[PDB]
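All residue numbers refer to positions in the sequence shown, counting from 1.
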Amino acid sequence: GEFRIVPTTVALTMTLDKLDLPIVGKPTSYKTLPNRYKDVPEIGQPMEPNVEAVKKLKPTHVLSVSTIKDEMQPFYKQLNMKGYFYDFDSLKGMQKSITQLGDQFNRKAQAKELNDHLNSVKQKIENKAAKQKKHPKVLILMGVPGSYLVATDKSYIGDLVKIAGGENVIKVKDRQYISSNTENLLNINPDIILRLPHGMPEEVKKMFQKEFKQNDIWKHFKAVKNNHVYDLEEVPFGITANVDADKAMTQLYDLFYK
Ligand code: HEM
């Protein structure tokens, strides 16, 4: 009858806190987790939780996200439990996931409240963006340890850019993040370049720093010449949606129009 839930991602953990739910394990993260989970044990990093540690807690439900569904299949196999891959790649997707979590875990009122808040902020920002005369063309880079990718409309940051009134210069939509070389970056004309870090932020920012100094293509971008290359904080600007999308939407709108 009772649920023993283990969220494997920081976004899921913060979502279950907004839903007023207890959990039995939590991800290993450098990020701030809700205070109420201070004492629950860590189960390893989101992308590779410890199979042995998760089993130990006798969970009823182990939760993951759409963004890494394929890379998580072996984990769930070894766990020998049902895969849960909540869509956290857009506001609409996360809204659906929140409703689903509310239904699964008897938190329908709490889910509706959070969804209503996020919907209200989204609508308000989209309303403001509609009234803007100009809309920046935007290139979004997602830096990970060793390399950087380009974010599409299918990624959370892509959705945020769209909501805030930006036009993503990357038009391909079949995956969330694409290689630095999938679309050619000489064929785009962005007003704004956004750089988001992941996994190892310190290493990523010095990597972006060195890339922009050493790869000749960047000096020629007008966003670079006009000082509109922005390094975004991984919190609220992460690799998936999170319940602090209200802050992310508001902050991005304010960066675009100031
Ligand atoms: C390139 C090598 C990569 C490395 C070494 C890496 C490493 C990490 C690390 C260290 C974390 C935990 C950060 C924390 O302490 O909270 C994390 C989280 C995560 N990563 Fe990556 N990452 C990489 C690329 C990617 C890519 C390409 C994706 C998929 C688009 C991805 C998806 C995720 C997701 C969904 C989480 C959980 C986010 C959350 O906790 O809400 N990672 N990764």
Side-chain angles (χ1 to χ4, degrees), residues 7-15 17 26-35 37-38 41-50 53 64-65 67-68 71-72 75 88-89 138-152 155-161 164 166 168 170 175-182 185 190 192-219 221 223-252 254-256:
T8 61
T9 76
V10 172
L12 284 156
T13 304
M14 286 173 55
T15 303
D17 172 66
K26 73 196 189 207
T28 304
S29 179
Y30 56 69
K31 302 175 177 164
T32 301
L33 296 180
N35 194 53
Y37 301 141
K38 57 183 265 267
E42 293 171 317
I43 50 81
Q45 82 114 311
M47 296 181 80
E48 48 180 307
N50 195 264
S64 192
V65 295
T67 320
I68 47 166
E71 22 290 301
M72 292 296 293
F75 170 74
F88 273 70
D89 294 314
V138 179
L139 169 65
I140 315 154
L141 305 181
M142 178 58 70
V144 297
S147 61
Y148 70 89
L149 309 155
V150 183
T152 75
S155 73
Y156 169 54
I157 185 59
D159 205 33
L160 287 178
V161 159
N168 193 353
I170 297 304
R175 57 216 301 124
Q176 297 94 333
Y177 303 103
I178 61 173
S179 78
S180 292
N181 54 256
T182 304
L185 270 5
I192 297 174
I193 296 167
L194 307 171
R195 301 189 306 200
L196 286 68
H198 177 67
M200 294 278 163
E202 344 72 14
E203 160 173 1
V204 171
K205 226 216 296 180
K206 60 157 48 103
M207 206 224 74
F208 272 133
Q209 229 83 98
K210 183 171 181 174
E211 167 70 8
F212 271 57
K213 287 190 168 201
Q214 270 162 70
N215 180 357
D216 275 339
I217 57 149
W218 302 110
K219 72 171 92 76
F221 274 73
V224 173
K225 290 136 55 195
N226 303 322
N227 291 110
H228 298 144
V229 180
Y230 300 116
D231 286 291
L232 299 184
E233 291 296 315
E234 188 192 15
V235 177
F237 300 97
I239 203 159
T240 84
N242 201 165
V243 300
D244 56 4
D246 52 356
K247 303 202 199 319
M249 284 182 286
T250 305
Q251 287 184 28
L252 198 58
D254 288 332
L255 177 55
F256 287 175

Query - CA sep, side-chain torsions, deciding dist, call: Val235, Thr32, side-chain contact (heavy atoms from CB on, under 4.5 Å) - result: CA-CA 10 Å; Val235 177; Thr32 301; over 6 Å; no

**Report entry** Exceeds 12 heavy-atom contacts within 6.0 angstrom, atom CD of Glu233
**Finding:** no

Report task. May I have all residue pairs that pass salt bridge (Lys or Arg N to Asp or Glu O under 4.0 Å) and include part of residues 193-202, sequence neighbours excluded? Result -> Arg195-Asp231

Do any side-chain atoms of residues 138-152 form donor-acceptor pairs under 3.5 angstrom with protein atoms, and if so which ones, sequence neighbours left out?
from: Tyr148; atom 1: OH; to: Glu211; atom 2: OE2; distance (Å): 3.2
from: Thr152; atom 1: OG1; to: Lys154; atom 2: N; distance (Å): 3.0
from: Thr152; atom 1: OG1; to: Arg175; atom 2: O; distance (Å): 2.6
from: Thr152; atom 1: OG1; to: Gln176; atom 2: O; distance (Å): 3.3

Report task. Enter the distance from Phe75:CZ to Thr8:OG1 here, rounded to the nearest 0.5 Å. Result -> 6.0 Å

Query raised in the report: Can you tell if the side chain of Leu160 reaches within under 4.5 Å of the side chain of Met249, non-hydrogen atoms only?
Result: yes

Query raised in the report: For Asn35, does the CG atom sit with more than 12 other heavy atoms under 6.0 Å from it, leaving out its own atoms?
Result: no

Query raised in the report: Rounded to the nearest 0.5 Å, how far does CG of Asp159 lie from CG of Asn168?
Result: 11.0 Å

Requested in this report: Drop me the distance from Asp17's CG to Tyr37's OH, to the nearest 0.5 angstrom.
Outcome: 5.0 Å

Query raised in the report: Are the side chains of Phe237 and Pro197 in touch, meaning some heavy atoms are under 4.5 Å apart?
Result: no

Requested in this report: List the steps and the verdict of side-chain contact (heavy atoms from CB on, under 4.5 Å) for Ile239 and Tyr156.
Outcome: CA-CA 7 Å; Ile239 203 159; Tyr156 169 54; over 6 Å; no

Report task. Apply side-chain contact (heavy atoms from CB on, under 4.5 Å) to the pair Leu255 and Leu194, showing each step before the final yes or no. Result -> CA-CA 10 Å; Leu255 177 55; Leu194 307 171; 4.0 Å; yes

**Report entry** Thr15 and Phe88, any side-chain heavy atoms less than 4.5 Å apart
**Finding:** yes

Requested in this report: For the residue pair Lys26 and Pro41, establish whether any side-chain heavy-atom pair is separated by less than 4.5 Å.
Outcome: no

Query raised in the report: Does atom NZ of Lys31 have more than 12 heavy-atom neighbours from other groups under 6.0 Å away?
Result: yes

Query raised in the report: Just wondering, do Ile157 and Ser155 contact through their side chains at under 4.5 Å, heavy atoms?
Result: yes

Report task. For residues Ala11 and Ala241, report the shortest heavy-atom separation together with the two atoms involved. Result -> CB-O, 3.3 Å

Query raised in the report: Between CD of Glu48 and CD1 of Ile43, what distance do you get to the nearest 0.5 Å?
Result: 11.0 Å

**Report entry** Side-chain touch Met72/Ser64, heavy atoms, less than 4.5 angstrom
**Finding:** yes

Query raised in the report: Shortest non-hydrogen contact from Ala164 to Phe256?
Result: O-CD1, 3.6 Å

Query raised in the report: Does the side chain of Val10 reach to within under 4.5 Å of the side chain of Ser29, using non-hydrogen atoms?
Result: yes

Query raised in the report: Under 4.5 Å between any side-chain heavy atoms of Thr240 and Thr9, yes or no?
Result: no

Report task. Drop me the distance from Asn50's CG to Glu42's CD, to the nearest 0.5 angstrom. Result -> 11.5 Å

Query raised in the report: Just wondering, more than 12 heavy atoms not from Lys219 lying within 6.0 Å of its NZ?
Result: yes

Report summary line: Closest non-hydrogen atoms of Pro27 and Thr13, given as atom of the first, atom of the second and distance, are CD-OG1, 3.2 Å

Requested in this report: Starting at NE2 of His228, measure out to CZ of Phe221 and round the result to the nearest 0.5 Å.
Outcome: 15.5 Å

**Report entry** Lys225 atom NZ: more than 12 heavy-atom contacts under 6.0 Å
**Finding:** yes

Requested in this report: Assess whether side-chain contact (heavy atoms from CB on, under 4.5 Å) is satisfied between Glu234 and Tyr30, documenting all intermediate values.
Outcome: CA-CA 11 Å; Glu234 188 192 15; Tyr30 56 69; 2.7 Å; yes

